[PDB]
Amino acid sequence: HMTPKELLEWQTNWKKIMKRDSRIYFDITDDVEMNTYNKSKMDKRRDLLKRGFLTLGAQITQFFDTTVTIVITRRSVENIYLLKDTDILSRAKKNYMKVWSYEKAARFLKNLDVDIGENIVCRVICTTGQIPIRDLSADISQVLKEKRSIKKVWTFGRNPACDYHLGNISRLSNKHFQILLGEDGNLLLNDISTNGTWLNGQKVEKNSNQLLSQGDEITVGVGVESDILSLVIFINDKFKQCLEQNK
């Protein structure tokens, strides 16, 4: 809802702040009691976050001191008003310090860019945001040696063994839809799902191959606003050329 240019500017400014004006303290206190397992799991998560922020050039202080700009905690940020007045999170808050959960910190790191011989057929960008950008690829050699009208098949589904994992959403099928590689670099959408697939906001006929176009939006999980997952297809035109080159 920010323009791409605005979000980039937001990133550029934060990147500078991390490198010059940032001193981060990690809360050591835990609000739940956890077996040493979950605790060493969250400790591993902490170390990841630390390394991430260090990459961005931020200071990591071991003490809740006079200079802290951000406090990163595991504990409930929303229930800080319930803590004792002596609590570090209470004092940071009432002094308008930035207090982030681990989930918020990880998301911030991700936003600052922290975290074969076969050509790109198309690039899939999730505009709902549940999935990072992935490319569909195919070997030009294998594709030209195939005489069948369908050169390759990519399956999308909740089953993590599929070519593209749609995420774990009960209303989505283990094999929801497929993308087929037509003969001249053409791409087809095939819905094999139980609850249906949409193309540019129109429900496609099940088990029917529909030609895909540049910037076509594929949406699943329609009916429940929070199960909705949109995928935009950008077709690589040079794939058609490396195919026409290697005849």
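Numbers for residues come from their place in the sequence shown, where the first is 1.
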**Request:** Scan the PDB entry between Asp115 and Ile116 and report the missing deposited residues as one of none, 1 to 3, 4 to 9, 10 or more.
**Result:** 10 or more
**Prompt:** According to the deposited model, is the average Cα temperature factor higher in 71-79 or in 96-104?
**Reply:** 71-79
**Fill in**
The stretch carrying the higher mean Cα B factor in the deposited entry, 180-188 or 53-61, is 180-188
**Request:** Return the residue from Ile140, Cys126, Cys122, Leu89 that has the highest Cα B-factor in the entry.
**Result:** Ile140
**Asked** From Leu199, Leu211, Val32, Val220, pick the one with the largest CA B-factor in the entry?
**Response** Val32
**Message:** Quick check for you: using the entry's CA B-factors within this chain, is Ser230 in the lowest, middle or highest third?
**Reply:** middle
**Complete:** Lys152: CA B-factor among chain residues, third -> middle
**Complete:** Of the three thirds of the chain ranked by Cα temperature factor, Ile131 occupies the middle
**Item:** Record-listed C-alpha B factor of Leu243: chain third
**Value:** highest
**Prompt:** So where's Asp216 on the chain's Cα temperature factor ranking, which third?
**Reply:** lowest
